[PDB]
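**Student:** just coords:
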């Protein structure tokens, strides 16, 4: 029985090379014994009955063999040479009766196209060619971020007792823009496919705040240890310790209210800096906000510093109280 | 515009499963699930870098319709299409902070060089190719200082 084997093959973007083997019972992959990989040394085995289809395409480390399973999982094997294609094609056809499909990918560098939800992967097509595909098993969560905007979070692969160390830069989040009255139907189908569960983060967020300095509009997301300013062109992370002083000052126009943060070290945009952040509120702007905190964490850490819910009071008062409670700085 | 025509054109430096930049082709190759996906600097819009913990989370934004780039309607960085869907942003993380900061600087520099070259072209575009000035074969009349 001619066992065909390939050395230097990587499984699912593994850091360690392994030996790949084709047998009448299925596919086998085993890590090469030369790397101390804190990790089970157990061979990966895929039964012949679980193989649905196999595609051949360009990967990072040479050519990639992508195996589609009947259980809607995608297995990626990378590290093949271009010459291996003829041997692999003949052996896969002989052993599994499956055609090895050659899949050419779009290299145009365009960020527009059509998404296509295939059984096991989300495919992005550019000029009728696949630019990239994401297996549904790699998608952790999906969330509608606007009327035409879909954000997909990908499982950050850190340390799991069942996965080989990954080598390189990891994709964490993909945002798609789907025009037309269409993004909600696209989201529903994707969400239903893998039962994605929505999550909520950030103790409190304030959207669309006008800053006079730096000039622009920013979302303010507050955390236990840090404040985030999210701006179209600039994201800032300020530690609560770096906030020296909070000023809450009425403007003489008797229509706007100023909230001013002194930050050390001063924020930077290039040459000159921003030691003071100047926010401008309308006095008639009212906001209702519930804190994203568990009842046990609220009672233990924030009782008497923050309110569990703020009623419909002026936005600048709620913001000034939240800043006081999280930074422990007195409002002037 | 186009990043690569053949897979051979993609540099051999790509073998690292990391973000590789090709200044010659103005291309930002991004590792999407083991795929060397090229993204032309023209399609790229703006970038935001945030070092969260040990990983450096860099969100690379791309041109998307709806109050996007300041470029006039006359020239669009994408082809017109109501049925066209767009990659609006990709966020990557890395344990190596220094290299990831250098990669971000090099993407930003490549964009600045591309915009400068396009401005220089436009300052020469509507300019009609003029005839060559014919020098006077004697002592020319001149105004000094």
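**Tutor:** On my side now, so go ahead. Residues are numbered from 1 along each chain as shown, chains lettered A, B, ... in the order given.

**Student:** what about the helices in chain B?
**Tutor:** For chain B, helices defined by DSSP state H occupy the ranges B:97-125.

**Student:** Kindly list the main-chain dihedrals of the most centrally placed residue in it?
**Tutor:** Residue closest to the mean C-alpha point of chain B, counted by CA atoms, centre = their mean, is residue B:41 at 2.3 Å. The phi/psi pair for residue B:41 (degrees, to the nearest 10) reads phi -60, psi -30.

**Student:** Pull the contacting residues for it.
**Tutor:** Shown in contact with residue B:41 (CB atoms under 8 Å, 6 or more residues apart in numbering or on different chains): B:26, B:27, B:28, B:107, B:110, B:111, B:114. Just so you know, the C-beta spots here come from the backbone N, C-alpha and C atoms, and that holds for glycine as well.

**Student:** Turn those residues into TSV, columns for distance to residue B:64 and neighbour count.
**Tutor:** TSV is the format used below for the contacts of residue B:41 (distance: CB to CB, whole Å; neighbours: other CB atoms under 10 Å in any protein chain shown):
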residue	distance to residue B:64	neighbour count
B:26	19	22
B:27	19	27
B:28	16	27
B:107	18	21
B:110	20	18
B:111	16	18
B:114	18	16
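
**Student:** Which residue is the nearest non-sequential neighbour of residue A:28?
**Tutor:** Excluding its sequence neighbours, the residue lying closest to residue A:28 (CB to CB, 6 or more residues apart in numbering or on different chains) is residue A:21, at 4.3 Å.

**Student:** That neighbour: which element?
**Tutor:** Residue A:21 belongs to strand A:18-23 when assigned by DSSP states H and E.

**Student:** list the helices and strands that strand packs on?
**Tutor:** Packing partners of strand A:18-23 (3 or more CB pairs under 8 Å, 6 or more residues apart in numbering or on different chains; DSSP states H and E): strand A:4-11, strand A:26-31, helix A:84-96.

**Student:** again, only this time at 10 Å
**Tutor:** Packing contacts for strand A:18-23, counted by 3 or more CB pairs under 10 Å, 6 or more residues apart in numbering or on different chains; DSSP states H and E, involve strand A:4-11, strand A:26-31, strand A:44-47, strand A:74-80, helix A:84-96.

**Student:** For these, give me CSV that also has mean neighbour count.
**Tutor:** As requested, these are exported to CSV (neighbours: other CB atoms under 10 Å in any protein chain shown):
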stretch, mean neighbour count
strand A:4-11, 18
strand A:26-31, 19
strand A:44-47, 15
strand A:74-80, 22
helix A:84-96, 16
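
**Student:** Now render the ones you listed as TSV, adding distance to residue A:248.
**Tutor:** TSV is the format used below for those (distance: least, CB to CB, whole Å):
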stretch	distance to residue A:248
strand A:4-11	57
strand A:26-31	60
strand A:44-47	61
strand A:74-80	54
helix A:84-96	69
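
**Student:** what's the burial count for the residue nearest to residue B:10 when sequence neighbours are not counted?
**Tutor:** Distances taken as CB to CB, 6+ apart place residue B:4 nearest to residue B:10, at 5.5 Å, with adjacent residues excluded. Using other CB atoms under 10 Å in any protein chain shown, residue B:4 has 20 other residues around it.

**Student:** My understanding was that residue B:4 contacts residue B:26; is that so?
**Tutor:** No. Counting by CB atoms under 10 Å, residue B:4 stays clear of residue B:26, with 11.2 Å between them.

**Student:** overlap in contacts of those two?
**Tutor:** Here residue B:4 and residue B:26 have A:109, B:38, B:40 as joint contacts, going by CB atoms under 10 Å, 6 or more residues apart in numbering or on different chains.

**Student:** for those, which one is nearest residue B:85?
**Tutor:** Distance to residue B:85, by CB to CB, is smallest for residue A:109 among those, at 16.3 Å.
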